[PDB]
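Each remark here refers to the structure printed beneath this line.
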Amino acid sequence: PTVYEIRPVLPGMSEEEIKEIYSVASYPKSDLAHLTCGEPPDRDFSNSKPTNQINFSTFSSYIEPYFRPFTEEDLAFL
Amino acid sequence: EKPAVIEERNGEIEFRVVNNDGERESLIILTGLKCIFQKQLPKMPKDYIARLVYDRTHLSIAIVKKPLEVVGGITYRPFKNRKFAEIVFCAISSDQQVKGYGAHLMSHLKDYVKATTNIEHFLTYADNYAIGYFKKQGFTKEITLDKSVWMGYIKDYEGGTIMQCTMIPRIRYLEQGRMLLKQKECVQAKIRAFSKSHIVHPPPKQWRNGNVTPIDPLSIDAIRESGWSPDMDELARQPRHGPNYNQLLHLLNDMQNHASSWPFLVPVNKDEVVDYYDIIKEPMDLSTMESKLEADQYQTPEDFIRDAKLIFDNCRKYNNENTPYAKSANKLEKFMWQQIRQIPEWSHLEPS
Amino acid sequence: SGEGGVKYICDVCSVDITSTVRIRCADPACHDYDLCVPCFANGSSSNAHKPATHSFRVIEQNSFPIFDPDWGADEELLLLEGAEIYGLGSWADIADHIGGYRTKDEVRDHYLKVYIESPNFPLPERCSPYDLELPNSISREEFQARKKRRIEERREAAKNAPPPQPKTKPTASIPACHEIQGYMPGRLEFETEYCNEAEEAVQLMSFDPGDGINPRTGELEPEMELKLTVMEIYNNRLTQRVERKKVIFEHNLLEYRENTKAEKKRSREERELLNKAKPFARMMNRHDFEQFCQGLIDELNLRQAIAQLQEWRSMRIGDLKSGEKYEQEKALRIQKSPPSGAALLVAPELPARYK
Amino acid sequence: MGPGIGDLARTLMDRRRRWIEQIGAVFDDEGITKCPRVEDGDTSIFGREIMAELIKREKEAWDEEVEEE
């Protein structure tokens, strides 16, 4: 008697029908995926990883000069 | 229809899929799930659970009661381009666990992802005491995905056991209970269209005179048409696995369930330690014995006992007695004899 | 036993009879009195059973193809029965339940073709009981012979089969592959973030069940409006992290080896100038930053060349060739007492990009 | 674990809200916190249409300095 399958979604459909497809009576409005830094590059990471990492402290101090607050000291460089 | 089915139909419960958009309701539902997972997983830090649940890339399916009360839910991160999704948390409130919401919650999650994206495979790091629940839900401990697909993407969890599933396409899991019945009814009616067991046959003609003598089953008209043979009759009484598989399966689960066998869950890595193989000429762990058991290489119980003894000796051999490795290894040995002693059959195999 | 099935035992010889051809005593005197074919062949009677004057029933094993030439009725049911108990999807155990040494792959493939791939989706294609060709296309004895033949060879193969290799250590994902300890290129997430201590304020948070709106006033009660406000700050903390990550991806700041080597190769004066203009990269894209830095280097080198040439002309040097000769001898004299940008501009042939 | 909300917590939420709603309106422009990306297209902050005027003004200042110098 009832439908024994998952019907596909279609654009611009009514809210009640959309819940019928899911059967969960649920979905969020915004996917929030736009705030993602980006999709994973979809590569092969099975390659043997390097055996010599760099202390995270060194990297933390390496990029620190790129983020320090602006000051009148560097407003006189230009 | 289980109690979860009826309750949802009448409106007692309802499922909400919510992410950290920033609304009022979405925050309450997320926070409720956070507390539940925290209760059931005391070993992990509370900060780590808070970050994962309140993340902007995860989803969460929850069961909600009339007065905004949350009983259970699951969390996952879908990798849309890799055709698989990861399950990171799962739990239901202990007080309400008796109802049986675990089965009905998995069905909704599988149905929802299936009808919203094109994901196929699920990968998870199951808990030690949750293996039974996952197995009944179609999961398996053997992985069929390729190494490159998921390596470097999912997150390792110490103390877990990886598992995989392959959703069957073009099915609606929620109405499974009615669909399989129909396929059961379709086949059963087919069988009932041929079986002659409904025919009340007369007494065998040899015994109609009151004399009981052996009768060849292949001589009778009904039996001969049935195709009975001496070969199938003798072959039908040999179980696929060993006669003691279930009892060992009980014991295997028990020792695995025991927290004292954790160091022997997986084999040691050659890269991490080089002398482990050099010193031990017969390095063995639980996985190695189980695979050999599946191959029927263990003809007698003594092989299992010797292998179990050799595991403890190897642990004591590679690791010093003062170190916890050997002391726990000897403690686990006591636990095994506790189970074996509970078994009268193997109680006499303990040496003096 | 976890299995929910029912085990059937003969009432005379106590020989398991569930999976073979069997006979029962149909007389009302005997209830559920099953006699195995050996018993009903040898005629061993017990209780009220009389093999002489009571009519009986022959229960057959229903061994014949219906859908697939390699599968019979019994195998199909055990497949469907296994689905109910072991759960549709668990192919490892259900294959074991079905028996016959059918690895999980064959069972998995069979179900997909028989049921899932059927046009009559909820059912098979041959739902009609009237079709009875497959049963009559192969005799039962022939089909049984094949089953015994496949079984014996498979058993022989398994006994001679090589032992399975021990399970290697599970292939931990270890997302720390990237050449920076605590970075996950697969997930684009660090382990120690900008304000990793931002969760310390909401990881004990709890909410009053069923609340959210004041029944009387209709406005959020004071505790709730305070609780939500301390969640707004956390959301902003997350957004600040993302912007920091977004900047780092651009400009290729994850290449420690490549970025450093060029800094080493450069000279002292150029190094100071680049270090002085580093902060402004937050506002410009990749190309603009490259153009910005290159311009400063171009001006500095041009000043050096012009100053160098003016010194030569006061010494009465009248050709670019002799100028280099003089510099070499001067270096020897001061000692007695690849080329840089300032040395490529003063070459006999000017670079193309300066014409 | 506590009771009513303290006055300090009731008079701090509005102070935070007053600051965000009134002052924050000035900084509404989206570019105050973002780093333009190369993938977007001609997002360079050095468009010729504007660089033409900046160069002319810089040339003007140079001439004035020379005259003063």
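Considered as a group, the residues in the range B:172-184 that are in contact with a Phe, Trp or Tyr (Cβ under 9 Å, 6 or more places away or on another chain) and outside any helix (DSSP H, G or I) include one that is surrounded by the most Cβ atoms within 10 Å (Cβ to Cβ), and that residue is B:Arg172. The set of residues from the range B:12-59 being part of a loop (DSSP other than H, G, I, E, B), within 27 Å of A:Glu20 (Cβ to Cβ), touching a strand residue (DSSP E or B) at 6+ places or on another chain (Cβ under 7 Å) and within 8 Å of another protein chain (Cβ to nearest Cβ) comprises B:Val18, B:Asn19.
If you go through the range C:55-95 and pick out every residue that is more than 7 Å from chain B (Cβ to nearest Cβ), in a helix (DSSP H, G or I) and acidic (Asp, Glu), you end up with 4. For the range A:11-29, the criterion of a residue being more than 7 Å from every other protein chain (Cβ to nearest Cβ), of a type in the set (D, E, K, R), closer than 30 Å to C:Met284 by Cβ and surrounded by 10 or more Cβ atoms within 10 Å (Cβ to Cβ) is satisfied by no position. Under the condition of being surrounded by fewer than 13 Cβ atoms within 10 Å (Cβ to Cβ) and either among the hydroxyl-bearing types (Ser, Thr, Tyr) or in contact with a strand residue (DSSP E or B) (Cβ under 6 Å, 6 or more places away or on another chain) (or both), the residues counted in the range B:278-313 number 1.
From the list C:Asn47, C:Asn42, C:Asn62, the one residue that fits, being surrounded by 20 or more Cβ atoms within 10 Å (Cβ to Cβ) and out of contact with any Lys or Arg (no Cβ under 8 Å at 6 or more places or on another chain), is C:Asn62.
Inspect all residues belonging to the range B:300-309 and state whether any of them is more than 14 Å from chain C (Cβ to nearest Cβ) and in a loop (DSSP other than H, G, I, E, B). Looking for residues that are more than 14 Å from chain C (Cβ to nearest Cβ) and in a loop (DSSP other than H, G, I, E, B), one finds at least one in the range B:300-309, hence yes.
Which of the following residues is of a type in the set (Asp, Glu), over 28 Å from D:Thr43 (Cα atoms) and touching a helix residue (DSSP H, G or I) at 6+ places or on another chain (Cβ under 7 Å): C:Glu329, C:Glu269?
Every option except C:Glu269 fails the conditions.
Inside the range B:151-168, residues that are more than 7 Å from every other protein chain (Cβ to nearest Cβ) and over 10 Å from the mean Cα position of the chain (by Cα) make up a count of 8.
Residues are listed down the side, and each one gets a yes or a no for (1) within 20 Å of the chain's Cα centre (by Cα); (2) in a loop (DSSP other than H, G, I, E, B); (3) of a type in the set (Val, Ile, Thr):
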| residue | (1), (2), (3) |
| --- | --- |
| C:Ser173 | yes, yes, no |
| C:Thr192 | no, yes, yes |
| C:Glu197 | no, no, no |
| C:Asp211 | no, yes, no |
| C:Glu219 | no, yes, no |
| C:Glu223 | no, no, no |
| C:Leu228 | no, no, no |
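Could you look through the range A:30-68, keep only residues that are of a type in the set (A, V, I, L, M, F, W, C) and within 7 Å of chain B (Cβ to nearest Cβ), and pick out the one that is surrounded by the fewest Cβ atoms within 10 Å (Cβ to Cβ)? In this case the residue turns out to be A:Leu35. Residues in the range C:15-50 that are within 8 Å of chain B (Cβ to nearest Cβ) and of a type in the set (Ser, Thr, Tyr) were compared, and the one that is farthest from C:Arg140 (Cα to Cα) is C:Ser45.
Being within 10 Å of chain C (Cβ to nearest Cβ) and either within 25 Å of C:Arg282 (Cβ to Cβ) or outside any helix (DSSP H, G or I) (or both) is the requirement here; does D:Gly31 meet it? Yes, satisfied. Please verify whether the range B:208-216 includes one or more residues that are facing chain C (nearest Cβ under 7 Å) and surrounded by 17 or more Cβ atoms within 10 Å (Cβ to Cβ). Yes, some residue in the range B:208-216 is facing chain C (nearest Cβ under 7 Å) and surrounded by 17 or more Cβ atoms within 10 Å (Cβ to Cβ).
Assess whether B:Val268 counts as being aliphatic (A, V, I, L, M), in a loop (DSSP other than H, G, I, E, B), surrounded by 15 or more Cβ atoms within 10 Å (Cβ to Cβ) and within 13 Å of chain C (Cβ to nearest Cβ). Here the answer is yes, as B:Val268 does meet what is asked. Scanning the range C:83-122 for residues that are under 26 Å from C:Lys147 (Cα atoms) and among the aromatic types (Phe, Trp, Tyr) gives C:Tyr86, C:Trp91, C:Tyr101, C:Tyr111, C:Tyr115.
For the range B:217-240, enumerate the residues that are facing chain C (nearest Cβ under 7 Å), at negative phi and in a loop (DSSP other than H, G, I, E, B).
Within the range B:217-240, B:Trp228, B:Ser229, B:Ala236, B:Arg237, B:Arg240 qualify.
Remark: pairs (first residue in the range C:276-303, more than 8 Å from chain D (Cβ to nearest Cβ) and closer than 17 Å to D:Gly41 by Cβ; second residue surrounded by fewer than 17 Cβ atoms within 10 Å (Cβ to Cβ) and of a type in the set (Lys, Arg); Cβ separation under 9 Å; 6+ apart in sequence or on different chains) are absent.
Pairs linking a residue in the range C:209-225 that is within 9 Å of chain B (Cβ to nearest Cβ) to a residue that is among the acidic types (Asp, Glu), with Cβ atoms under 6 Å and 6 or more positions apart or on different chains, are C:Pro209/B:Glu69.
Here's the yes/no breakdown for (1) hydroxyl-bearing (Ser, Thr, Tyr); (2) within 28 Å of the chain's Cα centre (by Cα):
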| site | (1), (2) |
| --- | --- |
| B:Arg24 | no, no |
| B:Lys83 | no, yes |
| B:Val98 | no, yes |
| B:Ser107 | yes, yes |
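Under the condition of being assigned to a helix (DSSP H, G or I) and over 18 Å from B:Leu248 (Cβ atoms), the residues counted in the range B:315-352 number 13. Among residues of the range A:1-25 that are on the phi < 0 side of the Ramachandran plot, those with a Cβ under 9 angstrom from a residue that is among the polar types (S, T, N, Q) and surrounded by 12 or more Cβ atoms within 10 Å (Cβ to Cβ), sequence gap 6+ or separate chain, pair up as A:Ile6/A:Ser23; A:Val9/B:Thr116; A:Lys19/A:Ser26; A:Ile21/B:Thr116; A:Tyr22/B:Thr116.
Taken together, the residues in the range B:193-211 that are farther than 13 Å from C:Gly43 by Cβ, of a type in the set (A, V, I, L, M, F, W, C) and assigned to a loop (DSSP other than H, G, I, E, B) amount to 3.
Here is a yes/no grid of residues against (1) closer than 22 Å to C:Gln240 by Cα; (2) outside any helix (DSSP H, G or I); (3) not aromatic (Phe, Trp, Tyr):
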residue	(1), (2), (3)
D:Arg15	no, no, yes
D:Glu21	yes, no, yes
D:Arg37	yes, yes, yes
D:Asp40	yes, yes, yes
D:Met51	no, no, yes
D:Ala61	no, no, yes
D:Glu65	no, no, yes
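Condition check ((1) surrounded by 15 or more Cβ atoms within 10 Å (Cβ to Cβ); (2) more than 30 Å from C:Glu179 (Cα to Cα); (3) in contact with a helix residue (DSSP H, G or I) (Cβ under 8 Å, 6 or more places away or on another chain)) across all residues:
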position: C:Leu226; (1), (2), (3): yes, yes, yes
position: C:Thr239; (1), (2), (3): no, no, yes
position: C:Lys264; (1), (2), (3): no, no, no
position: C:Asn275; (1), (2), (3): no, no, yes
position: C:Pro279; (1), (2), (3): yes, no, yes
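Residue by residue, here is whether (1) under 26 Å from C:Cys177 (Cα atoms); (2) within 8 Å of chain C (Cβ to nearest Cβ); (3) buried (at least 18 other Cβ atoms within 10 Å of the Cβ) holds:
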position	(1), (2), (3)
B:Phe134	no, no, yes
B:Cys186	no, yes, yes
B:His201	no, yes, no
B:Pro204	no, yes, yes
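Every residue, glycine as well, gets a Cβ built from its backbone with ideal geometry; the counts of neighbours run over all protein chains shown. Laboratory data are not the source of any read-out in this text; all were calculated from the coordinates shown.
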